[PDB]
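Notes follow the structure.
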There are 2 protein chains.
Amino acid sequence: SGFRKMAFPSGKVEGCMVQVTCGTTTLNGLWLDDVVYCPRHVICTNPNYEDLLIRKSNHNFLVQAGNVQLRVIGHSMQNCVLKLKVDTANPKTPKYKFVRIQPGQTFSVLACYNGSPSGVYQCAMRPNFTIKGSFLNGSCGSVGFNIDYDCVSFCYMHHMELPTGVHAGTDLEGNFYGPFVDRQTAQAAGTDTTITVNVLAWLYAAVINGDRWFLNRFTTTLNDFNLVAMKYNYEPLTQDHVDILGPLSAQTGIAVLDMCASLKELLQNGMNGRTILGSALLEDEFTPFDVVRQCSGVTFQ
Amino acid sequence: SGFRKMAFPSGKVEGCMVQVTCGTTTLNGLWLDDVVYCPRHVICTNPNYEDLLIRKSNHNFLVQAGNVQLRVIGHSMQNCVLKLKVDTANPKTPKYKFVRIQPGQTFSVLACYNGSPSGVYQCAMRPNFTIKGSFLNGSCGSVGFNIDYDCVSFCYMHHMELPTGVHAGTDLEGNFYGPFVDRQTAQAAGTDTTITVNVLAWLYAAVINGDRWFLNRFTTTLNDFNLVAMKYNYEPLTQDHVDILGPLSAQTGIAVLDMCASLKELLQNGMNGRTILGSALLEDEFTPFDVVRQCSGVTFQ
């Protein structure tokens, strides 16, 4: 029992972090096989990156893998990431994939500085395509990931902080999540919403863990729940969401729509000083998968 | 910016997890140099463990390190841990220490099943010597740790769940944290308190991150703050605690006792619907060190 914001073990990713320096810019790179991936704004000197990159040479890029110099033998740009071909394949390359995630989905972040891993935490991709991260100067290039048995699915590379303190980045093909660009504009996060299906997952986690005070006799239809959801800036709940909560519904014996009825009353009434899973807020950064994983036993390696 | 419950990168510990099987019991062991450490209640068949262990043989202990059998060549008991001497030193042994932590201090937990790492999260040792963990059947033997540059300080080995769903275990010399024993008794956690100095650290984290709505003109003496602290089941604040918050006081320019005055009003008045660092509760599982580390840049390797 217990319920914690759990990240994936980070060792497989730690063995891929390197330091990329060129000009007076230092950031983090990701070394897989014989390629190092890093944000393209490491490129020297309002930008036109094709212009700027044709003006560079391989020897401009200093790549540090621990104490070992990495010799760059080629470079190319892939959208907003740089691909630095090096003469050594990383002997610690895990089985991996590049995957783009959906808003509402979660991942683990290995925060890094100067190529050295600093900490690991668990995040969700917000509906407005930002992430509420924890990053200081020099963390650019840190990556977000999931692990599935032995395979690392990389989904996020960190690029920038927005005026509100939230974070924006790309998938590992260099395509930004959301309408953000890697230049200096007055760009801001759009308005966010709460991830309803996740809140419901977390309520099932609470019931699994003995927190039941918020349950009730009532029920509701999908349409009547959604009418109350939009009022409180919650994402609409889809029938697919209901099906995905099915297993959690079966384990606890609370129909999904019955749990919606409780969420409805929680939104209309607040929590009246009580807490759920040690939180005084409805938490929305656990997916149905996360809840099942943390309450069934599933491991990785 | 941002503030997250951050764990240490786990790779150095992942390379030390193994599976220990003897009889019909399987749990996690920690393999450092040529010794595997694991909970002694893996011992076969109200117990007298000296009696039970003299009745065992080396070949009784099956140790699995990935796909590789580990040959046990000796065994001994050290309080509530078993030490299984194996014929192979772990080539991935990091620089390490065994250290016992204080209530109020934090650490990272690598939850494990069948010797395979499952997730990582950050914990505090509660004033009543429990930890509010996240553990399922088979996680016994998982360890808690901190990392300091390249050195892993192991502080916790997990043993059991208490009736309230919280967790109890030992340091790596096998001495229990708190008044818990590794046999079946009606043992329960004693009443807990909130870690005051940590709440104050987290308030400084909030101010560093732009949350200032709870600040106030007032101040207070230590004695008058403490008079309000005990009323709300908070640990007393010591002058040493005040000195440890000094650097955070200097960075933000809020005298420690001024921040106590705000905490005082937060306790007397509640939070009136607002949040701090995305929490509707006063958080007490970040130490002054944690806050500074996450808001200055410090890495490890």
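Starting from 1 in every chain, residues are counted up; chains themselves are A, B, ... following the order of the structure tokens, and ligands are numbered from 1 as listed.
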- Task: Write out as JSON, numbers by chain the residues lying within 9 Å of stretch 97-100 of chain B, counting only C-alpha atoms and excluding same-chain residues fewer than 2 positions away.
- Result: {"B": [95, 102, 151, 152, 153, 154, 155, 156, 170, 171, 172, 173, 177]}
If the cut-off is 8 Å, can you tell me the residues of chain B near chain A, counting only C-alpha atoms? I'd like them as a short mmCIF file (atom, residue, chain, number, x, y, z; two decimals) with C-alpha atoms, in the first residue's frame.
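To be explicit, this is the file written out as part30.cif:
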```cif
data_model
loop_
_atom_site.label_atom_id
_atom_site.label_comp_id
_atom_site.auth_asym_id
_atom_site.auth_seq_id
_atom_site.Cartn_x
_atom_site.Cartn_y
_atom_site.Cartn_z
CA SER B 1 12.10 27.34 -11.78
CA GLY B 2 9.46 24.87 -10.66
CA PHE B 3 9.57 22.64 -7.61
CA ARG B 4 9.11 18.88 -7.72
CA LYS B 5 9.49 15.97 -5.35
CA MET B 6 12.83 14.95 -6.83
CA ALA B 7 14.66 11.68 -6.24
CA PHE B 8 18.32 10.98 -6.84
CA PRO B 9 19.25 9.25 -10.09
CA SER B 10 18.96 5.55 -9.32
CA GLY B 11 21.40 3.85 -11.71
CA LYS B 12 24.15 3.33 -9.15
CA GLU B 14 20.04 -0.47 -9.79
CA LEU B 110 14.24 2.31 -5.33
CA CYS B 112 12.10 -3.46 -6.37
CA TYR B 113 10.40 -6.79 -7.06
CA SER B 116 14.18 -5.92 -10.64
CA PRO B 117 13.89 -2.15 -10.04
CA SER B 118 10.31 -0.92 -10.41
CA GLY B 119 10.28 2.81 -9.59
CA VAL B 120 11.98 5.58 -7.67
CA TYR B 121 10.46 8.12 -5.31
CA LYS B 132 4.94 6.83 4.08
CA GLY B 133 6.15 4.59 1.28
CA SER B 134 4.67 2.85 -1.72
CA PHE B 135 5.31 -0.88 -1.54
CA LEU B 136 3.53 -4.06 -2.59
CA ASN B 137 4.12 -7.71 -1.71
CA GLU B 161 3.99 -2.64 6.32
CA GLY B 165 -0.36 1.37 5.53
CA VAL B 166 2.92 3.07 6.46
CA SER B 279 -0.19 22.11 -2.92
CA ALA B 280 -3.24 22.89 -0.78
CA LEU B 281 -1.40 21.52 2.31
CA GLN B 294 16.81 22.03 -6.33
CA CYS B 295 17.17 25.85 -6.37
CA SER B 296 20.90 26.40 -7.05
CA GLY B 297 21.99 23.62 -9.42
CA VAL B 298 23.87 20.88 -7.56
CA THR B 299 24.43 17.60 -9.47
CA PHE B 300 25.93 14.19 -8.68
CA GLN B 301 28.06 11.51 -10.41
#
```
- Task: Would you mind listing what lies within 7 Å of residue B:90 as a PyMOL selection string, with only C-alpha atoms counted and same-chain residues fewer than 5 positions away left out?
- Result: chain B and resi 31-34
With N, CA, C and O atoms retained, export the selected residues as a PDB file, in the first residue's frame.
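The resulting again.pdb:
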```pdb
ATOM      1  N   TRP B  31      23.732  -6.117  -3.314  1.00  0.00           N
ATOM      2  CA  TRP B  31      25.001  -6.770  -3.623  1.00  0.00           C
ATOM      3  C   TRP B  31      26.075  -5.692  -3.743  1.00  0.00           C
ATOM      4  O   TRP B  31      26.074  -4.914  -4.707  1.00  0.00           O
ATOM      5  N   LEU B  32      26.993  -5.659  -2.773  1.00  0.00           N
ATOM      6  CA  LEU B  32      28.101  -4.711  -2.723  1.00  0.00           C
ATOM      7  C   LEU B  32      29.369  -5.495  -2.442  1.00  0.00           C
ATOM      8  O   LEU B  32      29.425  -6.266  -1.476  1.00  0.00           O
ATOM      9  N   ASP B  33      30.367  -5.315  -3.292  1.00  0.00           N
ATOM     10  CA  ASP B  33      31.600  -6.090  -3.183  1.00  0.00           C
ATOM     11  C   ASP B  33      31.153  -7.551  -3.232  1.00  0.00           C
ATOM     12  O   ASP B  33      30.336  -7.899  -4.100  1.00  0.00           O
ATOM     13  N   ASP B  34      31.588  -8.420  -2.313  1.00  0.00           N
ATOM     14  CA  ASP B  34      31.214  -9.830  -2.365  1.00  0.00           C
ATOM     15  C   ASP B  34      30.184 -10.205  -1.300  1.00  0.00           C
ATOM     16  O   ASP B  34      30.120 -11.356  -0.864  1.00  0.00           O
TER      17      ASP B  34
END
```
May I have a table of the residues of stretch 30-104 of chain A lying at most 9 Å from stretch 125-130 of chain A, giving each one's closest pair of atoms and their distance in Å to one decimal, counting only C-alpha atoms, ordered by chain and ascending residue number, as a Markdown table?
```
| residue | atom | partner | partner_atom | distance |
| --- | --- | --- | --- | --- |
| A:101 | CA | A:125 | CA | 7.9 |
| A:102 | CA | A:125 | CA | 7.1 |
| A:103 | CA | A:127 | CA | 4.8 |
| A:104 | CA | A:125 | CA | 5.6 |
```
- Give me the residues within 8 Å of residue B:160 as an MDAnalysis selection string, counting only C-alpha atoms and dropping any in the same chain fewer than 3 places off. chainID B and resid 140 167:169 182
Let me see the file: selected residues, N, CA, C and O atoms, as a PDB file, in the first residue's frame.
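Final output, result.pdb:
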```pdb
ATOM      1  N   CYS B 140      10.112  -6.222  -0.040  1.00  0.00           N
ATOM      2  CA  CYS B 140      11.052  -6.341   1.074  1.00  0.00           C
ATOM      3  C   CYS B 140      12.473  -6.449   0.540  1.00  0.00           C
ATOM      4  O   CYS B 140      12.718  -7.091  -0.479  1.00  0.00           O
ATOM      5  N   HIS B 167       5.229   2.305   6.529  1.00  0.00           N
ATOM      6  CA  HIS B 167       6.260   1.303   6.314  1.00  0.00           C
ATOM      7  C   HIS B 167       7.348   1.427   7.378  1.00  0.00           C
ATOM      8  O   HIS B 167       7.619   2.515   7.897  1.00  0.00           O
ATOM      9  N   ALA B 168       7.959   0.293   7.699  1.00  0.00           N
ATOM     10  CA  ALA B 168       9.017   0.236   8.689  1.00  0.00           C
ATOM     11  C   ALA B 168      10.172  -0.590   8.152  1.00  0.00           C
ATOM     12  O   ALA B 168       9.978  -1.548   7.400  1.00  0.00           O
ATOM     13  N   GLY B 169      11.378  -0.217   8.560  1.00  0.00           N
ATOM     14  CA  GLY B 169      12.557  -0.922   8.121  1.00  0.00           C
ATOM     15  C   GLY B 169      13.747  -0.576   8.987  1.00  0.00           C
ATOM     16  O   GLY B 169      13.619   0.071  10.031  1.00  0.00           O
ATOM     17  N   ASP B 182      10.851  -7.393  13.603  1.00  0.00           N
ATOM     18  CA  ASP B 182      10.534  -8.237  12.442  1.00  0.00           C
ATOM     19  C   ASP B 182       9.940  -9.567  12.910  1.00  0.00           C
ATOM     20  O   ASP B 182      10.445 -10.658  12.641  1.00  0.00           O
TER      21      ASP B 182
END
```
